[PDB]
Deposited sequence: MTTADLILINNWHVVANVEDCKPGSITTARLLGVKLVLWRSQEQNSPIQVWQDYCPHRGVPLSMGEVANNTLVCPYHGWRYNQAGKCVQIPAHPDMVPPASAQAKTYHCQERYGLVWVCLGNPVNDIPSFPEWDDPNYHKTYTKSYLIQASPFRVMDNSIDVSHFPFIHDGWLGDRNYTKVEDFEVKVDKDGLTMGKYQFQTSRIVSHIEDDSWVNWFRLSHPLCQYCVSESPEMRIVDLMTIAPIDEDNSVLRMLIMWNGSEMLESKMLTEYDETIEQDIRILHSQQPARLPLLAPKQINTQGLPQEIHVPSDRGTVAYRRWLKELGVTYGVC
């Protein structure tokens, strides 16, 4: 269940929140069909290692082992792997020089925005930018992680779509009485995919009742991360959505939300996002085919003008060479 797609293999993907990787801890993740083990030594400020979850001796998951000092120890015969992935001790043969092949498969890892980013290949692109991270005007919160039984590209398709707001988000992000979708612009260029400012009508639980005209904007430099800005005259909310491609048919959605208003709004922010993410997931789980259809049994997709963003997304994925999770 792996991919040759270099835009996917040679890119950075979130696999965990840094808060879930304590010193001395072992955790697991799955990315693009590969089983990962994440571990840290007990030392303060220890780096996070992200390896293939696999002991090359007899094929046991290293995640079933234990962290000892600065090493991860396999449970079956106790081979110890240092932070660089090299076996430094074979207990049955304490004096031998361990073979060069006694080495875990290691991956590039980088903590950014409080998230653990992993690259399984050779990183040609940087981690997506998130300018408000360093802005002290902005408070932050993290949603829980949502496991979704849909293609990661269908999950992103739904997050680019704006015309569904008055229907599945009626009463939250739209209003069954204002269903018309105002004109907006979309561009695919060196910045990636950008949806220009899009105004829509709704009151929101995180603001005042009369603050009922919102304007959204977003950019994907990476096909599975979205930087979204939602702004009213009273408040500005930004978020970094990341979709972890577990395999072709399963995804993990995470959202890092920041806002330039009272820190007291955090509970309402998480409530709104939980409500709307779950409304989206009900649709996502139902869509067929599972793979995202690109532009070209079941009838072909129909496109109307307010689909210009999701059409541009399908065009972009084709231009990027994506074959994983798309059809």
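Visitor: Going by C-alpha coordinates, which parts of the deposited sequence are missing from this model?
Guide: Residues lacking C-alpha coordinates: just 297-303.
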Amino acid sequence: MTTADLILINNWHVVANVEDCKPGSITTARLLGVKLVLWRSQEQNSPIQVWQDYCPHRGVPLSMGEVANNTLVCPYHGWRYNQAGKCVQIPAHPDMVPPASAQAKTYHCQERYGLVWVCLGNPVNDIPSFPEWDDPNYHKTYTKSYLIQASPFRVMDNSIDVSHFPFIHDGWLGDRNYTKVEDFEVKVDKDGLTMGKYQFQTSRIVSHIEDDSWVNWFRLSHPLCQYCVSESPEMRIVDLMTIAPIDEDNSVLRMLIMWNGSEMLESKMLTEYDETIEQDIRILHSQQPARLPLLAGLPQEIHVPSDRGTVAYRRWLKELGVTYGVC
From here on, numbers count along this sequence of modelled residues.
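Visitor: Quick one: say whether 121-129 or 164-172 has the higher mean Cα B-factor in the deposited entry.
Guide: The entry gives the higher C-alpha B-factor average to 121-129.
Visitor: Between 175-183 and 247-255, point out the one with the higher average CA B-factor as the PDB entry records it.
Guide: Per the PDB entry, the higher value belongs to 175-183.
Visitor: Just grab whichever of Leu240, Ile209, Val215, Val155 has the top CA B-factor as deposited.
Guide: That would be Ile209, according to the entry.
Visitor: If I read the C-alpha B-factors straight from the PDB entry, which of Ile302, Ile277, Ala296, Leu284 is highest?
Guide: When the deposited C-alpha B-factors of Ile302, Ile277, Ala296, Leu284 are compared, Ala296 is largest.
Visitor: Select lowest, middle or highest to describe the third in which the CA B-factor of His57 falls within its chain in this entry.
Guide: As the PDB entry reports it, the C-alpha B-factor of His57 lands in the middle third of its chain.
Visitor: Could you place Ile205 in the lowest, middle or highest third of its chain by Cα temperature factor, using the values in the record?
Guide: Highest third of the chain for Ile205's C-alpha B-factor.
Visitor: Is the Cα B-factor recorded for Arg112 in the lowest, middle or highest third of its chain?
Guide: According to the entry, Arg112 has a C-alpha B-factor in the chain's lowest third.
Visitor: Split into thirds by Cα B-factor across the chain's modelled residues, where does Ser101 land: lowest, middle or highest?
Guide: It falls in the top third of the chain.
Visitor: Lowest, middle or highest third: which one holds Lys86 when the chain's residues are ordered by CA B-factor from the entry?
Guide: Highest third - that is where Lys86 ends up once the chain's C-alpha B-factors are sorted.
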